[PDB]
Amino acid sequence: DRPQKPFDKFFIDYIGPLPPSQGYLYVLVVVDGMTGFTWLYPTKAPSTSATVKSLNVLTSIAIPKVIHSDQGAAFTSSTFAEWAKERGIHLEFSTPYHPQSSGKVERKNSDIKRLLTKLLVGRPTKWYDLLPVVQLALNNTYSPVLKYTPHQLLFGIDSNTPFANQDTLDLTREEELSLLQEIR
Amino acid sequence: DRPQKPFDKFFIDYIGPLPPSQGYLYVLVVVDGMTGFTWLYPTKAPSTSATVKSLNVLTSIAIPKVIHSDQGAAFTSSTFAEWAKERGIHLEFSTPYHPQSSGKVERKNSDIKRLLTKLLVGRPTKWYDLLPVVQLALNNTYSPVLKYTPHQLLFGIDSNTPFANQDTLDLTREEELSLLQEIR
Amino acid sequence: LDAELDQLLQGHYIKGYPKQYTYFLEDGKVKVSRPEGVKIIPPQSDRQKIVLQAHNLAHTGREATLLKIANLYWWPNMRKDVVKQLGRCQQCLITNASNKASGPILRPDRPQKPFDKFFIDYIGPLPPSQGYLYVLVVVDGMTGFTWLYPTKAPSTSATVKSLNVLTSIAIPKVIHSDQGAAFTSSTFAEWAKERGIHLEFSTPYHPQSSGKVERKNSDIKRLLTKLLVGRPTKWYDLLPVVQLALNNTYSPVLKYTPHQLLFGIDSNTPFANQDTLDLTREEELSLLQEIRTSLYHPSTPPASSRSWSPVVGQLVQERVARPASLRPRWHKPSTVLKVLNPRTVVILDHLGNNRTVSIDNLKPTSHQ
Amino acid sequence: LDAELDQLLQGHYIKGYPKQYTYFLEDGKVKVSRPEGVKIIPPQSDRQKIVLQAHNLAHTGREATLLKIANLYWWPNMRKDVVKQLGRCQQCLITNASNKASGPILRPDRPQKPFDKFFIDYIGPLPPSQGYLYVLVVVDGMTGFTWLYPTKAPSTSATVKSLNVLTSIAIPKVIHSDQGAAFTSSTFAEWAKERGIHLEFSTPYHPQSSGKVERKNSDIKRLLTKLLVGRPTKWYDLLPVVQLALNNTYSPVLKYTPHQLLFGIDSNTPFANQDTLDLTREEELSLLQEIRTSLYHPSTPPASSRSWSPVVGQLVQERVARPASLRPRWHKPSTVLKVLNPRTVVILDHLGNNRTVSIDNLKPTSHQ
DNA sequence: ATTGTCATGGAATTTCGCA
DNA sequence: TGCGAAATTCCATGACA
DNA sequence: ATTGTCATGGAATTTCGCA
DNA sequence: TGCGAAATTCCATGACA
Ligand SMILES: CN1C(=O)c2c3c(c(O)c(=O)n2[C@]12CC[C@@H]1C[C@@]12CO)C(=O)N(Cc1ccc(F)c(Cl)c1)CC3
Ligand SMILES: CN1C(=O)c2c3c(c(O)c(=O)n2[C@]12CC[C@@H]1C[C@@]12CO)C(=O)N(Cc1ccc(F)c(Cl)c1)CC3
Ligand SMILES: [Mg+2]
Ligand SMILES: [Mg+2]
Ligand SMILES: [Mg+2]
Ligand SMILES: [Mg+2]
Ligand SMILES: [Mg+2]
Ligand SMILES: [Mg+2]
Ligand SMILES: [Zn+2]
Ligand SMILES: [Zn+2]
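Below, the structure written as structure tokens:
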């Protein structure tokens, strides 16, 4: 068997609904399986059209051999099946109620949901403008298992934005109280 | 003494008033003394301003060393004297009531007045448009004394409009009757 | 061609396939282990589609289309098939630029006598000056002697009015001009016929053909510019000054001024030459006839490293005159009917019209 | 100088006047019988006025001004006086064209790594497509990998919006652009400072400085043109197609595509290269690091026969950016303060402003 | 305080296939 | 150890308005 | 069914002045 | 029969938008 490579598999999923930011309510998360590189796209809905509009931007940079997702309506639609067939992309689904990705990807999706939660607290309506900084942080995060960050594995160079200050990611007692205040 | 050359002396004079043609009533006649070449300019008056406007066109092609004229008001004015001084042109006048030019020039001015009279008869109001053909005829007229036409002496080449058909210049009994009809 | 690839798998030689290579079958397709790597040998019946698919990704030329194909396949003389597709792609033929320069320019013979040929052209629009916007420039081909006329438009009516004043002096055999509306009108043709003047027209969109007058336009504008420094652009009153100044300016290569070439004697202008003072007009005209014949004439320059000269039957493409945004710069191929000279040609487009064009406005169609 | 000409008439030698000639007096002026003919020798105190009168007839250069003077006069080293006047004539200096080409171009080193330097520029206005008229082109200097963004204007707001989407991937060290309003604004400078990006600007009116992106604009427009043949110019929907097509196109000289130089592996596109299939990502990245260092680099071409290279203290003239009708094409002389490189220079005009300019937009002032 | 670039297709040159 | 042909490399030409 | 041109000012080359 | 300097000639450069 041949070694794992970037663009072999993209893991896609939707995060949301989130508080509205610039009219957007969801985030489509795309993670390259090999490198752990993350692309984030704000959508107004978790629909096939929003998935196709966002993925048309990503697939103008790089096309994956396989797209992996759960059995969400947007990804199981015949329209999404047609879109993939057109680009020579194989669609791969996990069994309903049993979401399996990979250790590296499952861990990555945890960091994404937690980093979004941490930064939402205090400014839950300003996340649209923060998506580029969230992505840079995530892609310049050192991988304990691979010795390199997703940026290094994707481009084969060091970045101009190293994220040396490895922040908490865990909510402070102040952020926890401010978060429970919003849940009202 | 040095031989006679083109631009050594220009003989100028006014012909008119003539019947109005395109608002013009006079013709300023300029004849180069050496070659016998003729330039004709229609003017609305025999004034210094009309002389200066017309001669500014001629002196944009060639400047004479001397301009010869009679003692007509337009040529004796201090304005015309100033215009010549500015261009380094010497003004030369004939004695009042005693007009002397040269054999070649006197003969040329006779041809001009007679050719104009011949062509005026029948169309006395259409002479403005005929001035270019009158000039070509005059300048392509063979000189019995010099063996060459004014065009040949000026350019040192044959013309593309030779005037082989040496016309009468004398008025026919029909043109004489049509001319005496106009004098009413 | 599956029958062609059948004998190959067996092991017997086929013209074009090197016998020193191992031709096997894997995943239901014919493969070959090549130095570069293992490549699929597609049946002859599939190749055209492959070349077209690779080419169409970005409408790439020879090498860029080949490099894509070579990533997956191998077959005998791949570039022969790439070039066959490049030569059939209408989008590439009409959009790509040429990479072959035109042949060296011709230096047409100087007209033998003054008035043999006039070169006429318009300068403008210029800043308004007394309601005038254009300048009609008339350059005598032999002498270079120029006449300037201010106009309100580059029209036939204004050209006719100006030339009737000029032709009072002498009538030219030929009047050469570009294909501007003022000169191609039936009224202008009629005006010339009436006078026995032959109208000669430059090939379309080639001002070099009118080079004699174009070059004078440069000198006229240069002097007007100098005289108007730190002053309002009131050029109207300067036209007579510019005309006289330029007509009396020495050409350093000829060592004569246009006035001297036309009359053989300077008029009463500053710094008039006095060298023929003791000669008679006849002796002076004899010397002028000698000067006019011995003037320097330039010869065609060397051809560039990669120039092209037209050939009857050759597929050639005319340049689009005013190409719109995101539209091809070239017309569809045409054929060369007659080669008038190495720089002028008669072409027949796909419409069926005969066009006399300059080779500067043509490219030879690529890939034969 | 009448005292200088006095000793001459007598017969004693004066430095500059050949003793083998006959210097006489006639019509109240000093004359000399020369091979060319009899010429007037004007007193030194009159010469400047003579040269200026001859020059001013048509603002002629060296030989054409000399030929006029020589018709009437003779004096020692006439051209020395002609050239002294030519060098003082402001109208000639600012209106005449240069006859010295710029020195050979520099081939700046290719940025070492992707994201070291981006080249940005705008294409447009294009025919309207979904309300969009412009395209922001972002070219990575090392790889050539391009990002395309449709905009309604070449504005800072549209550039900032586009670059915030792009910089989600990676942040560049430098962004090189021309001096267009969109990029020179304080809002853009502020946007870059916030991110640690250094803004580098081309010299004014020199698109060759932005050559990396300019050249990609050609390829973008060429492909858009091809894809829109015989169809309405609906380019908006084609931008993503053009981006992907060009980023995956082989450069025949490099034998790599911009995608391959950026990632070292082809994504799922047609004709993907499979040569590193058995290598690990680390082995693949090691080979990519080697490929990136061994790319072909062009060297400065030979200087032309008559080129000029700048020198500190040299009198030089900047080209007028948008010269109006009948107005000079050159600014008044300036001095070269610093020679940044043989093609870039710092000048001080007559105003007193320091300008960093390209030598292509300068001419060396004539006659010292 | 910066700087030209590179796709294109004939021609020139090198390599390949075979002996 | 060398031939003819195919493959690769060279590089002028031209356009980014 | 016609076609490039030529002013310009440094450099290259020829001529001049004197011996 | 040759030297140094002046004069003349050469010719690339660029613009006629
Ligand atoms: C369509 N067109 C032009 O674009 C044009 C030009 C010029 C005209 O005289 C002229 O008449 N026209 C017209 C307009 C009127 C008539 C239809 C036309 C005929 O082609 C012109 O002089 N220039 C300047 C120029 C550029 C480069 C050069 F090599 C030279 Cl020699 C000159 C070039 C553009
Ligand atoms: C005044 N100006 C231009 O004229 C211009 C150009 C171009 C720009 O991009 C551009 O921004 N500008 C602006 C407008 C906006 C901003 C002020 C400007 C900055 O100079 C441009 O690409 N072209 C095309 C071109 C011609 C020749 C070449 F050698 C190259 Cl490499 C490219 C040449 C004209
Ligand atoms: Mg889920
Ligand atoms: Mg009288
Ligand atoms: Mg024209
Ligand atoms: Mg023109
Ligand atoms: Mg720009
Ligand atoms: Mg540009
Ligand atoms: Zn194509
Ligand atoms: Zn001047």
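Protein chains in written order, with UniProt numbering: chain A, 867 to 1050; chain B, 867 to 1050; chain C, 759 to 1126; chain D, 759 to 1126. Note that beta-carbon positions come from the ideal geometry of N, C-alpha and C, so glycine has one too.
Listed by chain order, chain C residues near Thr853 (chain D) by CB distance under 7 Å: Under a criterion of Cβ atoms nearer than 7 Å, the residues of chain C adjacent to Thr853 (chain D) are, in order, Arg980, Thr983, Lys984.
Exposure of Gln843 (chain D), with buried meaning 16 or more beta-carbon neighbours within 10 Å: That one is buried.
Span separating the alpha-carbon of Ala950 (chain C) from that of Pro1100 (chain C): Each residue's alpha carbon lies about 30 Å from the other.
Simplified DSSP state of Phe903 (chain B), which is helix, strand or coil: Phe903 (chain B): coil per DSSP, three-state reduction.
Any non-hydrogen atom of ligand 10 closer than 8 Å to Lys984 (chain C) Cβ: Yes, ligand 10 has a heavy atom inside 8 Å of this Cβ.
Assigned exposure category for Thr904 (chain A) - 16 Cβ within 10 Å defines buried: Counting every other CB atom within 10 Å of its CB across the protein chains shown gives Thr904 (chain A) a total of 16 or more, marking it as buried.
Exposure of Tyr1054 (chain C), with buried meaning 16 or more beta-carbon neighbours within 10 Å: Under this definition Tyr1054 (chain C) is an exposed residue.
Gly938 (chain C) CB to nearest heavy atom of ligand 5 below 8 Å: Result yes, Cβ under 8 Å from ligand 5.
Contact with chain A by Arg1087 (chain D), beta-carbon distance below 9 Å: So, not an interface residue.
Distance CB(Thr917 (chain A))-CB(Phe959 (chain A)) smaller than 9 Å: Cβ distance not < 9 Å, so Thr917 (chain A) and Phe959 (chain A) don't count as in contact.
Cutoff 9 Å: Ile929 (chain D) Cβ touching any chain A Cβ: Closer than 9 Å: yes.
Close Cβ partners of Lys931 (chain A) (< 6 Å) along its chain, the five nearest in sequence each way excluded: Around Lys931 (chain A): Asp874.
Alpha carbon of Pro1122 (chain D) to alpha carbon of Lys858 (chain D), nearest angstrom: For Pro1122 (chain D) and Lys858 (chain D), the distance between alpha carbons rounds to 8 Å.
Of the listed residues D:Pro1091, D:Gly795, D:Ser1057, nearest to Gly1071 (chain D) (C-alpha basis): For the options D:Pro1091, D:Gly795, D:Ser1057, the alpha carbon positioned closest to that of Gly1071 (chain D) is the one of D:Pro1091.
Length of the line joining the Cα atoms of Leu1095 (chain C) and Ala940 (chain C): Counting only the Cα atoms, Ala940 (chain C) lies some 29 Å from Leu1095 (chain C).
Cβ-based neighbour list, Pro962 (chain B), same chain, cut-off 6 Å, excluding 5 preceding and 5 following: Within the same chain, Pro962 (chain B) has close Cβ partners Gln937.
Closest Cα partner of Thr914 (chain B) within the set B:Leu894, B:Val1011, B:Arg953: The candidate whose alpha carbon is nearest that of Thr914 (chain B) is B:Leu894.
Spatial distance of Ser1025 (chain A) from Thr1015 (chain D) (CA atoms): Computed Cα separation, rounded: 22 Å.
Residue range of the unbroken beta strand (DSSP E) whose run includes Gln1075 (chain D): Per DSSP, the unbroken beta strand (DSSP E) holding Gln1075 (chain D) starts and ends at 1073 to 1076.
Closest Cα partner of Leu884 (chain D) within the set D:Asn975, D:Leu924, D:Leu830, D:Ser920: Measuring from the Cα of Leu884 (chain D), the nearest candidate turns out to be D:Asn975.
Close-in-space but distant-in-sequence residues of the same chain around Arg837 (chain D) (CB under 8 Å, 5 per side omitted): Excluding sequence neighbours, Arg837 (chain D) sits near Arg820, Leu824.
Three-way DSSP call (helix, strand, coil) for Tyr963 (chain B) in this model: Assigned with DSSP and collapsed to three states, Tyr963 (chain B) falls in coil, not helix or strand.
Opening and closing residue of the alpha helix (DSSP H) in which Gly795 (chain D) lies: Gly795 (chain D) -> not in any alpha helix (DSSP H); beta strand (DSSP E) instead, spanning 795 to 798.
Classification of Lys807 (chain C) by the beta-carbon crowding that lies within 10 angstroms, buried from 16 upward: Classification for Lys807 (chain C): exposed.
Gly1022 (chain C) versus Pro1010 (chain C) - alpha carbon distance: Per the coordinates, the alpha-carbon of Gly1022 (chain C) lies some 17 Å from the alpha-carbon of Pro1010 (chain C).
Secondary structure of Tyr994 (chain D), DSSP reduced to three states: Looking at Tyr994 (chain D) - three-state DSSP - the assignment turns out to be helix.
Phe782 (chain D) burial status per 10 Å Cβ neighbour count (16 or more: buried): Classification for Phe782 (chain D): exposed.
Segment limits, alpha helix (DSSP H) that includes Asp764 (chain C): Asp764 (chain C) -> alpha helix (DSSP H) spans 760 to 768.
Among B:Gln966, B:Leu982, B:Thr1027, B:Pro965, the one whose alpha carbon lies nearest that of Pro908 (chain B): When each option's Cα is compared against that of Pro908 (chain B), the closest is B:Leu982.
Residues bridged to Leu957 (chain C) (per DSSP): DSSP links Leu957 (chain C) through a beta bridge to C:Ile933.
Unbroken beta strand (DSSP E) run spanning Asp898 (chain A), endpoints: In the DSSP assignment, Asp898 (chain A) falls within the unbroken beta strand (DSSP E) covering 892 to 898.
Anticipated Cβ contact below 8 Å, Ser935 (chain C) with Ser968 (chain C), distance rounded: Right, their Cβ atoms sit about 7 Å apart.
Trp949 (chain A), DSSP secondary structure in three states: Three-state DSSP puts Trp949 (chain A) in a helix.
is_contact[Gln1047 (chain B), chain C] using C-beta, thresh 9 Å: Judged by the 9 Å Cβ criterion, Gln1047 (chain B) is not in contact with chain C.
When C:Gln778, C:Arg805, C:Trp832, C:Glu762 are compared against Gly795 (chain C), the one with the closest alpha-carbon: Comparing Cα-Cα distances from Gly795 (chain C) to each of C:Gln778, C:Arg805, C:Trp832, C:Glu762, the minimum goes to C:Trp832.
Per DSSP, cross-strand counterpart(s) of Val790 (chain D): In the DSSP output, where bridge partners are listed per residue, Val790 (chain D) has D:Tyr781, D:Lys797.
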